[PDB]
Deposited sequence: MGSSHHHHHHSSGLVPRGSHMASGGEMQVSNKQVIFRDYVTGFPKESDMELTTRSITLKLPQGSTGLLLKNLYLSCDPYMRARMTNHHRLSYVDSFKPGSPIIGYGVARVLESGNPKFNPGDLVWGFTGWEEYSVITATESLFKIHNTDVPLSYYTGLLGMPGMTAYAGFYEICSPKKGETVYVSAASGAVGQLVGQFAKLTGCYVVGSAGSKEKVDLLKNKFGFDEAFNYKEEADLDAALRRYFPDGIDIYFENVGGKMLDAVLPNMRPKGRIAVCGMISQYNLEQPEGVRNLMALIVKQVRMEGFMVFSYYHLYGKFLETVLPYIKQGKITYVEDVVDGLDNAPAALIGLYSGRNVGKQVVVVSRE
């Protein structure tokens, strides 16, 4: 059968563009070995993928070969005993209709949620929100929480977890549509459009007159400098991402780190890879909340591999509204 693929053309400098990926089709036979033959259903667009386009923490993409990243797929055939034909899995797969995988995947049991959730809410981004918030921030009822990129895959979940814990939660996002989602769907206490704030420090002083106990950091740069002098004593910054920096040849300087001393702040980075032993517990905690409607999720869903390059590039302009999903083929 035919197998369209999104190919990585060549290593990227600065921002990515659609020409850095190329669409192609190849002829393949659907059989097989100890590996796995997958029909790819959904693909995630995740900000970290930009780092794999550079010639730090995982191998770079290989020019001429398909983009790889997190997806949800159906097992067509297996030469490994732990997976059988018909299994649904999430994990790393290729940007293509069908992939042969030499491997680590999670077998999906609960199918009474939209399968696309295993690219986001129930996949790596949701695990990231859970680990960063519950394992790094030591949150307590009554504490104030600021979430940057608050309407995104990770942010929208951090904010809801913080509300469930009894925190006072403010988010920022880059459009009126996203700010409305934060206040009207996700139940943030307050939210603002950071692109329309002339002075970020002023906005944070208004929304946190007594300071910020917890900053869930997704953005870096200027936003982090605005946060630092607004932290409360013994405040915490969970350093999750710094997406404002990912396309710079030279990262921007952050000037306000003396605030860490005078406010005795713990600023700690983490990688979700180190928390996957908690994935079972994460499911135990979140799947009931989804059931009882305490946790909701917004996805941005585009159809077809042909649209995956623009969906990935759109992350760095804020084009996605919520978690960016690419539908290769519905279940």
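**Prompt:** Relative to the deposited sequence numbered from 1, which residue ranges are unmodelled?
**Reply:** Seq positions lacking coordinates: 1-28, 61-63, 87-90, 139-140.
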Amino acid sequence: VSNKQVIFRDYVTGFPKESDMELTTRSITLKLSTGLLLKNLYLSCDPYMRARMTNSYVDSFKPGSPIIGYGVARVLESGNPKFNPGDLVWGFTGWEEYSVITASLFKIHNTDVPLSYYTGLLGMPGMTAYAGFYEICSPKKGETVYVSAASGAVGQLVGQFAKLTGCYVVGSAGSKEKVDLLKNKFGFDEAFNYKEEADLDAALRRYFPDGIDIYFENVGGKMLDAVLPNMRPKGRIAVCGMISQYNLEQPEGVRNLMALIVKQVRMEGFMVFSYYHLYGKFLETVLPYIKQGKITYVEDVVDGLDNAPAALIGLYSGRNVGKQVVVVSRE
From here on, numbers count along this sequence of modelled residues.
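**Message:** Tell me which stretch has the larger mean Cα B-factor in this entry, 163-171 or 240-248.
**Reply:** Comparing 163-171 with 240-248, the higher mean C-alpha B-factor belongs to 163-171.
**Asked** Taking the recorded C-alpha temperature factors, which stretch has the higher mean, 93-101 or 172-180?
**Response** Taking the mean C-alpha B-factor of 93-101 and of 172-180, the larger value falls to 93-101.
**Item:** Residue selected from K31, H277, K263, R266 by maximal Cα B factor
**Value:** Highest C-alpha B-factor among the listed options: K31.
**Prompt:** Going by the entry, which of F273, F282, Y42, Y289 has the most elevated CA B factor?
**Reply:** Of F273, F282, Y42, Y289, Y289 has the highest C-alpha B-factor.
**Prompt:** By the record's CA B-factor, is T119 among the lowest, middle or highest third of residues in the chain?
**Reply:** CA B-factor rank for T119: middle third.
**Prompt:** Is the Cα B-factor recorded for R74 in the lowest, middle or highest third of its chain?
**Reply:** CA B-factor rank for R74: highest third.
**Request:** Would you mind ranking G152 by its C-alpha B-factor against the rest of the chain and naming the third, lowest, middle or highest?
**Result:** Tercile = lowest for this residue's CA B-factor.
**Asked** How does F192 rank on Cα B-factor within its chain, lowest, middle or highest third?
**Response** Middle third.
**Request:** Ordered by C-alpha B-factor within the chain, which third holds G132? Give me lowest, middle or highest, please.
**Result:** Its C-alpha B-factor belongs to the lowest third of this chain's values.
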